[PDB]
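structure03.json, holding JSON, C-alpha atoms and all ligand atoms:
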[["chain", "number", "residue", "atom", "x", "y", "z"],
["S", 2, "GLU", "CA", 101.88, 97.51, 98.48],
["S", 3, "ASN", "CA", 100.99, 95.99, 95.14],
["S", 4, "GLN", "CA", 104.04, 95.02, 93.10],
["S", 5, "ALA", "CA", 103.86, 96.33, 89.53],
["S", 6, "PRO", "CA", 104.02, 93.47, 87.00],
["S", 7, "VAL", "CA", 107.20, 92.31, 85.31],
["S", 8, "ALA", "CA", 107.27, 92.75, 81.51],
["S", 9, "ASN", "CA", 109.82, 90.60, 79.70],
["S", 10, "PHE", "CA", 110.20, 88.58, 76.53],
["S", 11, "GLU", "CA", 112.61, 87.07, 74.06],
["S", 12, "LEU", "CA", 112.27, 87.07, 70.28],
["S", 13, "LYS", "CA", 112.88, 84.23, 67.88],
["S", 14, "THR", "CA", 113.73, 85.45, 64.38],
["S", 15, "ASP", "CA", 113.58, 83.38, 61.18],
["S", 16, "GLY", "CA", 114.37, 85.67, 58.28],
["S", 17, "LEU", "CA", 111.70, 88.35, 58.43],
["S", 18, "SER", "CA", 109.37, 86.24, 60.63],
["S", 19, "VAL", "CA", 109.42, 86.71, 64.40],
["S", 20, "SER", "CA", 107.87, 84.85, 67.33],
["S", 21, "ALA", "CA", 107.71, 86.05, 70.94],
["S", 22, "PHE", "CA", 108.41, 84.04, 74.06],
["S", 23, "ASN", "CA", 106.64, 85.93, 76.82],
["S", 24, "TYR", "CA", 108.26, 85.84, 80.26],
["S", 25, "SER", "CA", 105.97, 88.46, 81.81],
["S", 26, "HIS", "CA", 104.37, 87.75, 85.17],
["S", 27, "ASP", "CA", 103.05, 89.38, 88.33],
["S", 28, "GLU", "CA", 104.82, 88.36, 91.55],
["S", 29, "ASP", "CA", 101.78, 89.04, 93.77],
["S", 30, "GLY", "CA", 98.84, 88.72, 91.38],
["S", 31, "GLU", "CA", 97.94, 88.01, 87.77],
["S", 32, "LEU", "CA", 98.36, 89.62, 84.36],
["S", 33, "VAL", "CA", 95.14, 90.74, 82.68],
["S", 34, "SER", "CA", 96.27, 92.09, 79.31],
["S", 35, "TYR", "CA", 99.17, 92.52, 76.90],
["S", 36, "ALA", "CA", 99.94, 95.33, 74.45],
["S", 37, "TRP", "CA", 102.63, 94.81, 71.79],
["S", 38, "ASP", "CA", 104.06, 97.33, 69.34],
["S", 39, "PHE", "CA", 106.27, 95.65, 66.74],
["S", 40, "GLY", "CA", 107.96, 98.89, 65.67],
["S", 41, "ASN", "CA", 106.68, 98.77, 62.06],
["S", 42, "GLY", "CA", 103.19, 100.17, 62.62],
["S", 43, "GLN", "CA", 101.72, 96.82, 63.64],
["S", 44, "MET", "CA", 100.40, 96.05, 67.13],
["S", 45, "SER", "CA", 98.85, 93.09, 69.01],
["S", 46, "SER", "CA", 96.95, 92.20, 72.17],
["S", 47, "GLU", "CA", 97.99, 88.54, 72.08],
["S", 48, "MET", "CA", 100.15, 87.03, 74.80],
["S", 49, "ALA", "CA", 102.71, 85.36, 72.50],
["S", 50, "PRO", "CA", 102.20, 86.71, 68.97],
["S", 51, "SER", "CA", 103.91, 85.64, 65.78],
["S", 52, "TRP", "CA", 104.40, 88.24, 63.08],
["S", 53, "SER", "CA", 106.45, 89.06, 60.02],
["S", 54, "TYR", "CA", 108.13, 92.23, 58.82],
["S", 55, "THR", "CA", 107.71, 93.15, 55.15],
["S", 56, "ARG", "CA", 111.26, 94.54, 54.91],
["S", 57, "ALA", "CA", 114.62, 94.01, 56.57],
["S", 58, "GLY", "CA", 115.80, 96.36, 59.29],
["S", 59, "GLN", "CA", 116.27, 97.15, 62.98],
["S", 60, "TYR", "CA", 113.04, 97.60, 64.92],
["S", 61, "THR", "CA", 112.13, 98.36, 68.53],
["S", 62, "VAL", "CA", 109.56, 95.86, 69.89],
["S", 63, "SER", "CA", 107.60, 96.98, 72.94],
["S", 64, "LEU", "CA", 105.45, 95.05, 75.40],
["S", 65, "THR", "CA", 103.23, 96.59, 78.06],
["S", 66, "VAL", "CA", 101.54, 94.32, 80.60],
["S", 67, "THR", "CA", 98.82, 95.14, 83.15],
["S", 68, "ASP", "CA", 98.10, 93.39, 86.47],
["S", 69, "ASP", "CA", 94.85, 92.63, 88.35],
["S", 70, "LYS", "CA", 95.05, 96.03, 90.10],
["S", 71, "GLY", "CA", 95.68, 98.04, 86.92],
["S", 72, "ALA", "CA", 99.40, 98.58, 87.43],
["S", 73, "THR", "CA", 101.59, 98.45, 84.31],
["S", 74, "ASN", "CA", 105.15, 98.09, 83.12],
["S", 75, "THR", "CA", 106.74, 98.31, 79.69],
["S", 76, "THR", "CA", 109.85, 96.56, 78.38],
["S", 77, "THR", "CA", 111.31, 97.13, 74.92],
["S", 78, "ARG", "CA", 114.08, 95.43, 72.91],
["S", 79, "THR", "CA", 115.71, 96.19, 69.57],
["S", 80, "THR", "CA", 115.83, 93.36, 67.02],
["S", 81, "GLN", "CA", 117.36, 93.00, 63.59],
["S", 82, "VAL", "CA", 115.79, 91.04, 60.75],
["S", 83, "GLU", "CA", 117.35, 90.28, 57.40],
["S", 84, "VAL", "CA", 115.94, 88.85, 54.20],
["S", 85, "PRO", "CA", 117.02, 85.17, 53.96],
["I", 101, "CA", "CA", 100.81, 93.06, 91.13],
["I", 102, "ZN", "ZN", 109.55, 87.28, 89.06],
["I", 103, "ZN", "ZN", 98.09, 82.26, 88.43],
["I", 104, "ZN", "ZN", 123.01, 88.25, 59.42]]

Could you render the structure from this file as structure tokens?
Amino acid sequence: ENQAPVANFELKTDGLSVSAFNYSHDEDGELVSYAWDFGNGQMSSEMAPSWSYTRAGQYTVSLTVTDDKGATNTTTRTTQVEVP
């Protein structure tokens, strides 16, 4: 009766630069890994990455988290970045 982990985040945008606040957690265990796709061909295994887009646009950012039993969940959010 493992509970699958909770994937969640919020983005902070500053022109084309973005930072992630990671709210992911496991109610009954621990998170072991993080897999981000920034929607522009760039990816990360960091918990709370900072990145920058090279051009303005709307992108889908995805985060997959894994718990201590190997269960996963994915949450995605669109974001918009503009040149300053
Ligand atoms: Ca769990
Ligand atoms: Zn919770
Ligand atoms: Zn803990
Ligand atoms: Zn604007």

(message) When you count all atoms listed in the file, which of these residues is closest to ligand CA 101 (chain I): S:51, S:34, S:3, S:74?
(response)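 Among S:51, S:34, S:3, S:74, it is S:3 that comes nearest to ligand CA 101 (chain I).
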
If we count only C-alpha atoms, what is near residue S:81 at a cut-off of 7 Å, once residues fewer than 6 positions away on the same chain are taken out, given as an mmCIF file with C-alpha atoms, in the frame of the given file?
data_model
loop_
_atom_site.group_PDB
_atom_site.id
_atom_site.type_symbol
_atom_site.label_atom_id
_atom_site.label_comp_id
_atom_site.auth_asym_id
_atom_site.auth_seq_id
_atom_site.Cartn_x
_atom_site.Cartn_y
_atom_site.Cartn_z
ATOM 1 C CA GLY S 58 115.800 96.360 59.290
ATOM 2 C CA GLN S 59 116.270 97.150 62.980
ATOM 3 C CA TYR S 60 113.040 97.600 64.920
#

(request) Return as number ranges by chain the residues of protein, DNA or RNA that approach ligand ZN 102 (chain I) to within 8 Å, with all atoms listed in the file taken into account. (result) S: 7, 26-28

(request) Give the residues close to ligand ZN 104 (chain I), within 12 Å, counting all atoms listed in the file; write them as a list in words. (result)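 Those residues are residues 14, 15, 16, 17, 57, 58, 59, 80, 81, 82, 83, 84 and 85 of chain S.
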
(request) Rank nothing, just name the residue among S:4, S:46, S:63, S:9 nearest to residue S:30, using only C-alpha atoms. (result)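 Nearest to residue S:30: S:4.
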
(request) Rank nothing, just name the residue among S:66, S:44, S:72, S:33 nearest to ligand ZN 103 (chain I), using all atoms listed in the file. (result) S:33

(message) So the first atom is atom CA of residue S:24 and the second is atom CA of residue S:11; what is the distance between them in Å, to one decimal place?
(response) 7.7 Å

(request) Select, from S:61, S:43, S:55, S:67, the residue with the minimum atom-to-atom distance to residue S:79, counting only C-alpha atoms. (result)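 The shortest atom-to-atom distance to residue S:79 comes from S:61.
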
(message) Quick check, in Å to one decimal: how far apart do atom CA of residue S:69 and atom CA of residue S:8 lie?
(response)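 These atoms are spaced 14.2 Å apart.
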
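Distances from S:56, S:29, S:2, S:12 to residue S:41 were compared using all atoms listed in the file, and the smallest one belongs to S:56.
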
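Counting from atom CA of residue S:10, the distance to atom CA of residue S:22 is 5.5 Å.
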
(request) Measuring atom to atom with all atoms listed in the file, identify which of S:37, S:68, S:21, S:75 is nearest to ligand CA 101 (chain I). (result)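 Nearest candidate to ligand CA 101 (chain I) out of S:37, S:68, S:21, S:75: S:68.
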